[PDB]
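Engineer: Protein chains in written order, with the deposited numbering: chain B, 6 to 41, 47 to 560; chain A, 6 to 41, 47 to 560; chain A', 6 to 41, 47 to 560. A prime marks a further copy of an entry chain. Using N, Cα and C, we set each Cβ at its ideal position, and we do this for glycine too.
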Ligand SMILES: Cc1cc2nc3c(=O)[nH]c(=O)nc-3n(C[C@H](O)[C@H](O)[C@H](O)COP(=O)(O)OP(=O)(O)OC[C@H]3O[C@@H](n4cnc5c(N)ncnc54)[C@H](O)[C@@H]3O)c2cc1C
Ligand SMILES: Cc1cc2nc3c(=O)[nH]c(=O)nc-3n(C[C@H](O)[C@H](O)[C@H](O)COP(=O)(O)OP(=O)(O)OC[C@H]3O[C@@H](n4cnc5c(N)ncnc54)[C@H](O)[C@@H]3O)c2cc1C
Ligand SMILES: Cc1cc2nc3c(=O)[nH]c(=O)nc-3n(C[C@H](O)[C@H](O)[C@H](O)COP(=O)(O)OP(=O)(O)OC[C@H]3O[C@@H](n4cnc5c(N)ncnc54)[C@H](O)[C@@H]3O)c2cc1C
């Protein structure tokens with residue numbers, strides 16, 4: 006195709022046309038689409059942000075290209091370096107609340123790795139790992155284990171939804187809820203296409219599999235990996251793996267992710283905390299238990315509107331347009347059999363071990379008046395606990411998508427700071443965020459996900475995407491929250507395309523030493539600045555800061 | 006001082022003299038030493059390799075410089091960039107078996123960070139972490155916890171000896187034996203002086219501590235850290251921390267290391283395996299247990315000569331000059347009440363939990379004929395179990411230094427490949443290594459340290475450092491082992507100065523893609539190539555490969 | 006001399022020594038001083059900041075050099091470009107509250123232009139202007155006019171003290187209180203030594219004086235100026251004069267400043283405003299009057315503690331260590347016969363004209379209850395009005411120096427934002443600043459100086475320079491005020507050395523477009539970055555931002 010809505014920087018329409026003809030001959034007309047529709051979670055869009063906080067077409071691809079295999083990504087990168095065409099690689103494109111599949115720089119080709127590079131490459135039982143391509147979603151990996159009956163020996167670790175990409179999510183350093191919840195720390199052995207187009211394998215993946223007749227003459231992408239590749243992630247020398255997470259330093263084509271053995275015993279549970287103020291005592295209680303491993307997985311503390319929004323839109327609970335009152339939150343809590351805060355967790359391992367920990371957990375949460383303990387069986391058929399019971403054993407579900415429908419044309423945007431695992435800090439973060447949410451006219455909706463020495467506080471901002479006034483309030487909100495949390499010593503761990511610059515500007519100790527160093531690294535490996543310029547605030551030097559920053 | 010034995014590359018005697026007068030005025034004559047003695051573990055040398063496999067003066071400093079603080083490192087870096095003088099930073103300089111304090115390039119200044127930058131900067135109880143400077147040895151951190159009575163709340167994780175540096179060891183990705191044994195994975199928040207001399211803090215350390223009257227006007231090195239700096243290592247954007255382990259990308263001035271809470275119950279144990287061939291069954295047994303966490307710490311599988319060498323030199327068991335026979339190893343085993351292989355481990359937590367796991371461990375090791383189970387009380391006063399009982403609870407000891415005295419002027423050199431956690435692989439690596447040791451005329455001495463999905467096999471080569479014939483056999487051995495292990499799909503995780511190029515050459519998948527990328531990074535950040543050139547085989551472009559590689 | 010406390014960046018001791026011997030042979034040993047004392051207003055220091063907010067030696071010269079004439083500055087510039095030595099030019103060095111004579115970069119040579127380049131070059135009566143060198147203080151220019159009896163034809167315009175430099179103050183865009191109070195707007199024709207060392211004259215000064223026998227053979231610095239040089243500032247083409255105010259783009263050697271003709275009638279006056287809240291009504295009143303020119307000069311609105319501090323230290327009014335209360339300020343007001351706010355002004359011209367405006371002023375201020383009107387005769391012998399009566403007619407005094415002695419070892423630091431000429435805005439800025447001063451534990455002390463469409467609000471922070479705790483609170487205060495005022499839409503017009511980067515960061519519309527442009531200009535004209543690097547936050551490219559910004 007001939008004429009796109011937006012062309013990448015400094016590129017002419019003829020270069021665009023030459024380039025797109027070049028890619029079409031490499032991958033076929035069925036794997037290329039020129040943009041000359048927000049869609050669904052089911053068939054995500056790959057052209058722009060479906061949960062658009064800015065105008066819909068603000069972050070817009072000029073074309074979508076689907077490589078057939080690693081060789082095609084090498085050729086595409088060569089082309090982009092020839093024409094200076096920025097690429098924006100995506101795996102599944104479901105980064106909802108974070109920009110979706112939209113590029114930071116409009117005019118970029120969205121590189122759709124996941125359409126054709128789909129394979130579950132290996133599932134290794136003795137080493138309890140899997141190797142995967144960008145296109146394997148959590149649902150797909152689950153089906154792979156089920157079809158081969160591997161569920162009895164190995165379990166997966168999934169986020170709240172099941173359509174996301176195992177590799178995609180892990181390179182963003184996403185989180186899950188079993189004891190393998192720290193996705194990025196469970197990796198070992200990644201394959202990357204560098205900006206120069208050279209293939210590179212990290213860790214023990216750089217120690218080549220010894221030659222043998224059966225693997226002679228295979229292209230590098232197609233070679234097997236040496237025995238320790240997916241078992242010990244460090245290899246030898248500088249450990250460069252992290253340069254590839256939340257970065258623009260390369261295109262990840264394959265990754266090994268460690269899988270937990272069936273634990274031989276499982277029990278999910280829900281602890282309802284009656285009062286809004288019970289967050290403080292609960293976190294204080296969670297601290298020592300999470301450090302000493304009575305709390306085995308990544309347990310969450312859900313605010314009552316998160317659960318309420320899973321079960322029904324705002325219209326179903328109130329006809330109010332403004333934020334529900336405190337008294338109304340107590341009525342919704344009572345209506346659903348939940349507290350104002352709901353703690354979700356799971357015990358793993360043999361009964362004798364589950365028993366002891368469970369009594370420790372129970373006994374410690376008993377200092378909170380009115381606490382109530384439930385197992386999935388004890389709750390209604392449509393409960394969040396019955397969904398999270400599946401979630402905390404690695405089974406993918408889609409039920410929790412429903413909270414995005416809290417409002418009319420509900421879109422999501424995530425404010426994601428990190429808090430200490432302390433009631434004092436958690437209340438304070440809450441207090442800060444709640445106050446700005448109410449100034450903005452939005453219900454506070456959020457969850458804390460409990461890590462070992464930190465909690466990821468996901469404030470779920472939901473707004474009407476067809477309401478220009480509220481979109482502007484969301485943007486006012488997000489920007490102020492960033493600043494306020496920064497003034498209180500808290501940083502966000504992951505964000506949307508429009509907030510990357512502002513969030514990187516917050517990590518400016520010693521006059522921005524941290525981004526300068528990233529900048530130095532980036533321009534050495536991408537001298538044409540073709541790999542997703544702007545991702546995380548890191549700009550190659552051909553992208554003036556005055557022009558491009560937000 | 007005026008005239009060093011060796012000058013760094015391309016530097017004149019006059020530039021050397023100017024430089025050293027420049028350093029003397031910054032740090033004082035007491036903190037600078039010109040080299041115009048192997049020493050002890052007690053007072054390590056900082057001029058060369060005390061366990062010299064090459065000639066003693068092969069790797070030699072021109073001078074030793076001890077910065078007083080971070081400002082001094084900054085100024086020293088500026089001078090090195092002015093004169094193009096290569097710096098070799100050390101923390102404690104006890105990297106015995108790995109080159110000690112010796113620089114890869116002779117003529118380099120050895121930067122002694124540990125003499126004056128010694129401080130335990132902070133021990134945080136609620137967050138269960140500590141922040142430290144290069145000079146805090148494990149023994150020092152231990153004493154710090156004892157003086158303040160923190161041992162009841164927090165434990166350390168130590169390597170076999172206690173004199174090493176907490177930071178030094180951790181940036182080498184060193185290993186320990188409690189559940190916090192993956193030293194590098196326990197870090198969060200590092201401070202680094204870049205090659206350009208700029209101070210940088212990683213992760214959440216880049217999110218500055220909010221201003222307040224009490225901290226106004228403090229030099230950047232002296233500023234407090236924001237609340238989440240030592241609690242969540244990822245921060246935001248590219249996770250660049252790993253670029254600083256086993257690298258020459260920076261000079262680490264401070265690091266945060268997560269500390270394990272007193273577990274409320276501890277019991278070490280020893281499981282003796284009668285036969286040489288029992289390794290295989292044992293590892294096959296260890297696999298599922300380690301994966302399902304019945305084995306909580308990093309348990310080890312010591313070969314009988316390791317324990318034997320701790321208890322007495324070779325002269326005490328035989329007057330032989332050649333390797334002890336198999337029949338002799340069985341006699342030494344019997345004499346000491348140990349098997350041919352000895353498995354050391356520890357159970358953590360409340361009694362009810364220790365009980366269940368201990369029965370699971372017992373029962374699974376029972377499939378090996380003649381297995382015997384000991385607690386420290388059950389063994390003699392000089393046993394390795396009573397020493398390692400301390401070691402698996404983070405208490406520092408120095409007893410295990412005695413195996414370096416197996417031979418007359420015993421020096422150590424470590425051959426450190428990684429193996430799958432499988433009887434088959436472990437036997438095979440053992441077979442390969444044992445064969446080459448006997449060809450070399452040396453006793454096989456070693457340990458396997460059990461990681462989750464891998465084992466670190468430390469073959470401990472001990473030789474007479476005053477025996478030129480054997481030193482040459484050591485070098486013949488090491489180099490052949492590298493190749494043999496590489497030809498069987500195994501790579502080493504850490505190595506000595508003289509083997510770094512050969513070991514990086516082994517991680518050459520796709521025509522050395524991994525080292526080219528490291529080179530690209532290094533020359534961007536060190537355009538004068540003044541930070542430890544050659545470390546891990548990574549050479550700045552001013553250091554011709556033909557000239558410098560070994 | 007041989008060994009300075011601090012050397013400029015990247016310079017060796019030997020280059021320093023060579024350089025200083027080179028300068029000594031150009032200007033003599035009497036004109037050069039190596040720094041191997048805070049002093050007084052009378053004999054200002056030229057080595058560091060006498061009103062030090064940071065440690066005393068924080069901003070420190072390596073040497074002081076006093077050029078004999080323009081040729082000497084040219085040669086000094088050549089040497090600095092040869093050695094890359096940063097120069098910090100000063101005229102008188104009395105920039106008290108703004109860093110004094112201290113360089114932004116420590117190690118810089120302080121260039122003392124005023125010691126030897128002292129001359130009143132010309133006082134032209136028909137054109138009502140004067141031409142001056144860096145060393146002509148206002149007191150000196152005053153004496154020059156008196157000696158020749160020119161006071162009857164021409165008046166000066168002075169700042170609160172008389173020792174400052176006419177040129178120095180003017181290139182800082184300093185303010186005065188007659189109708190000629192916008193010092194920078196009264197200039198026409200400047201002479202500058204560029205960074206490359208070339209002499210340049212601006213405006214009509216670029217149109218050379220026609221040749222004539224009497225001026226043949228004169229060095230360029232010594233040539234007369236063409237007739238219109240000091241009469242029309244614009245010249246032809248780009249008007250580049252402003253690139254030389256509050257900048258590091260050149261070294262100003264001579265300037266022409268327009269002088270007001272004796273007005274043929276003068277009467278100063280004081281209007282006391284009883285209440286703290288009367289600021290608002292007063293400013294609302296001042297607005298139309300200032301715009302329609304009933305208020306002819308630059309009238310000021312002094313806070314009661316400013317006048318109180320001129321008359322006696324804090325010990326004389328209270329023995330309190332904390333801020334005086336509101337009730338105490340009313341008592342001090344009553345004691346001195348002043349309001350809580352005191353408006354000082356002056357009427358110029360023939361009696362008939364003074365009469366009419368004076369009735370217009372009186373009548374409009376009459377809407378404020380309790381207002382009282384004084385002429386100098388009506389007040390006591392030690393009043394501020396009798397001092398400012400002199401000040402509003404261009405006569406230099408030193409009386410107002412006494413407010414710096416409010417506290418024990420009182421030092422001054424100025425927080426200088428701009429406010430709209432509106433009661434609403436003025437109160438609001440006052441509210442913001444007063445709140446932060448009380449949190450800091452300091453008395454609020456300040457003045458508003460009334461411009462045509464804006465007011466310069468000088469918050470005069472006075473602190474004990476030997477009190478480390480309060481110095482830190484001063485720094486905490488200053489930095490928070492900057493941010494607070496920025497968050498309310500107000501920027502500072504001038505600042506001290508330690509706040510320059512933070513204040514330039516505030517003028518960051520469109521991703522700092524304004525400073526990028528300044529950077530581009532500066533590196534073209536100073537490729538060695540030797541003229542006052544860092545002045546106003548503008549850094550030559552050899553000065554890494556990470557390293558140098560505060
Ligand atoms: C209701 C809801 C719930 C969510 N719950 C969770 C949760 O529990 N945990 C969680 O972590 N997230 C959660 N998310 C956030 C996000 O939706 C998921 O993390 C999702 O899996 C991320 O998208 P993806 O991995 O499918 O898609 P992708 O669009 O592939 O996103 C990948 C992103 O990482 C980079 N990237 C991806 N692939 C590559 C590659 N091959 N090479 C280089 N860079 C690459 C790019 O920066 C890109 O923007 C949730 C979102 C919603 C809407
Ligand atoms: C008998 C014996 C037993 C051992 N047992 C163990 C064991 O169980 N586990 C284990 O891991 N090791 C073991 N070691 C190996 C090694 O001796 C220890 O890891 C020791 O702690 C490493 O030295 P160090 O950390 O004190 O000293 P250092 O000499 O400080 O070594 C640090 C090294 O890392 C780098 N480095 C250090 N500090 C910095 C800095 N500030 N900035 C930049 N780079 C830096 C340099 O490359 C340097 O060579 C053993 C050694 C012997 C002789
Ligand atoms: C009690 C008190 C009251 C004050 N009242 C006033 C007031 O009413 N109005 C006011 O404006 N200020 C006031 N000031 C602020 C300041 O003290 C005066 O402006 C003073 O005249 C400025 O110093 P200077 O001009 O003598 O000295 P200098 O130290 O000469 O300062 C000149 C500055 O401008 C630059 N500069 C000077 N000469 C040159 C040159 N030749 N070439 C290039 N750059 C040059 C440099 O950046 C330098 O730092 C006051 C200060 C105090 C302590």
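So which of B:300, B:164, B:137 has the shortest CA-CA distance to residue 236 of chain B?
Structural biologist: One-based indexing of the first chain puts residue 236 of chain B at position 226. Of the candidates B:300, B:164, B:137, the one whose C-alpha sits nearest the C-alpha of residue 236 of chain B is B:137.
Engineer: Between the stretch 495-510 of chain A' and the stretch 523-539 of chain A', are three or more C-beta pairs nearer than 8 angstroms?
Structural biologist: No, the stretch 495-510 of chain A' does not touch the stretch 523-539 of chain A'.
Engineer: Confirm the yes/no value for this check: CB of residue 104 of chain A, any heavy atom of ligand 2, distance under 7 angstroms.
Structural biologist: Reading the second chain from its first residue, position 94 is the one you call residue 104 of chain A. Yes; taking the cut-off as 7 angstroms, the Cβ of residue 104 of chain A has a heavy atom of ligand 2 nearer than that.
Engineer: Does the distance from the CB of residue 162 of chain B to the CB of residue 186 of chain B come in under 8 angstroms?
Structural biologist: The sequence position of residue 162 of chain B within the first chain is 152, counting from 1. The sequence position of residue 186 of chain B within the first chain is 176, counting from 1. No, Cβ-Cβ distance for residue 162 of chain B and residue 186 of chain B is not below 8 angstroms.
Engineer: What would DSSP say about residue 277 of chain B, mapped onto helix, strand or coil?
Structural biologist: Position 267 of the first chain, counted from the first residue, corresponds to residue 277 of chain B. Strand at residue 277 of chain B.
Engineer: Any idea if residue 7 of chain A' is buried or exposed, counting beta-carbon neighbours within 10 angstroms, 16 or more meaning buried?
Structural biologist: As a working mapping, residue 7 of chain A' is identified with position 2 in the third chain. Exposed, since its Cβ has fewer than 16 Cβ neighbours within 10 Å.
Engineer: Could you tell me whether the stretch 360-377 of chain A touches the stretch 293-304 of chain A, using the rule of 3 or more Cβ pairs below 8 angstroms?
Structural biologist: At 8 angstroms Cβ cutoff, the stretches touch.
Engineer: Using a Cβ-Cβ cut-off of less than 8 angstroms, give me the residues of the stretch 206-229 of chain B that come near chain A, in sequence order.
Structural biologist: Flagged, chain order: 208, 209, 210, 211, 212, 214, 215, 216, 217, 218, 219, 220.
Engineer: List the residues of chain A whose Cβ lies closer than 8 angstroms to the Cβ of residue 554 of chain A', in chain order.
Structural biologist: Within the third chain, numbered from 1, the residue matching residue 554 of chain A' stands at position 544. Result: 206, 208.
Engineer: Sorted by chain position, which residues of the same chain lie with C-beta nearer than 6 angstroms to residue 427 of chain A''s C-beta, five sequence neighbours on each side aside?
Structural biologist: What you label residue 427 of chain A' is simply residue 417 of the third chain in a count that begins at 1. Closer than 6 angstroms at the Cβ level, and outside the excluded window around residue 427 of chain A', lie 467, 495, 500, 502.
Engineer: Flag residue 307 of chain A' as yes when its Cβ comes closer than 7 angstroms to any non-hydrogen atom of ligand 3, and as no otherwise.
Structural biologist: Residue numbering aside, residue 307 of chain A' sits at position 297 when the third chain is read from its first letter. Result no, Cβ not under 7 angstroms from ligand 3.
Engineer: With DSSP as the reference, label residue 53 of chain A as helix, strand or coil.
Structural biologist: Mapped onto the second chain, residue 53 of chain A falls at position 43. Correct three-state label for residue 53 of chain A: coil.
Engineer: Which residues, taken in chain order from the stretch 515-529 of chain B, show a beta carbon closer than 8 angstroms to some beta carbon of chain A'?
Structural biologist: Going along the stretch 515-529 of chain B in chain order, one finds 520, 521, 522, 523, 526 with a Cβ nearer than 8 angstroms to chain A'.
Engineer: Is there at least one Cβ from chain A nearer than 8 angstroms to residue 505 of chain A''s Cβ?
Structural biologist: Along the third chain, read from residue 1 onward, the residue named residue 505 of chain A' stands at position 495. So, not an interface residue.
Engineer: Kindly indicate if chain B contains any beta-carbon less than 8 angstroms away from that of residue 244 of chain A.
Structural biologist: The residue labelled residue 244 of chain A in the question sits at position 234 within the second chain. Judged by the 8 angstroms Cβ criterion, residue 244 of chain A is in contact with chain B.
Engineer: Tell me residue 436 of chain A's beta-bridge partners as DSSP assigns them.
Structural biologist: The sequence position of residue 436 of chain A within the second chain is 426, counting from 1. None, per the DSSP bridge assignment.
Engineer: What ranges does the alpha helix (DSSP H) occupy inside the stretch 381-408 of chain A, keeping only unbroken runs of at least 4 residues that lie completely in it?
Structural biologist: The stretch 381-408 of chain A contains these whole alpha helix (DSSP H) runs: 394-401.
Engineer: Taking only runs of the beta strand (DSSP E) that begin and end inside the stretch 265-351 of chain A, which ones reach a length of at least 3 residues, in chain order?
Structural biologist: DSSP runs (the beta strand (DSSP E)) wholly in the stretch 265-351 of chain A: 276-283, 310-313.
Engineer: If we ignore side chains and look at the alpha-carbon of each, how far apart do residue 537 of chain A and residue 88 of chain A end up?
Structural biologist: Locating residue 537 of chain A in the second chain gives position 527, where the first residue counts as 1. Locating residue 88 of chain A in the second chain gives position 78, where the first residue counts as 1. When rounded, the distance between both Cα atoms is 13 angstroms.
Engineer: What is the residue span of the beta strand (DSSP E) that residue 424 of chain A lies within?
Structural biologist: Indexing the second chain from 1 puts residue 424 of chain A at position 414. Unbroken beta strand (DSSP E) run through residue 424 of chain A: 420-425.
Engineer: Which stretch, first to last residue, makes up the alpha helix (DSSP H) that contains residue 488 of chain B?
Structural biologist: Position 478 of the first chain, counting from 1, holds the residue named residue 488 of chain B. Note, residue 488 of chain B: alpha helix (DSSP H), 478-497.
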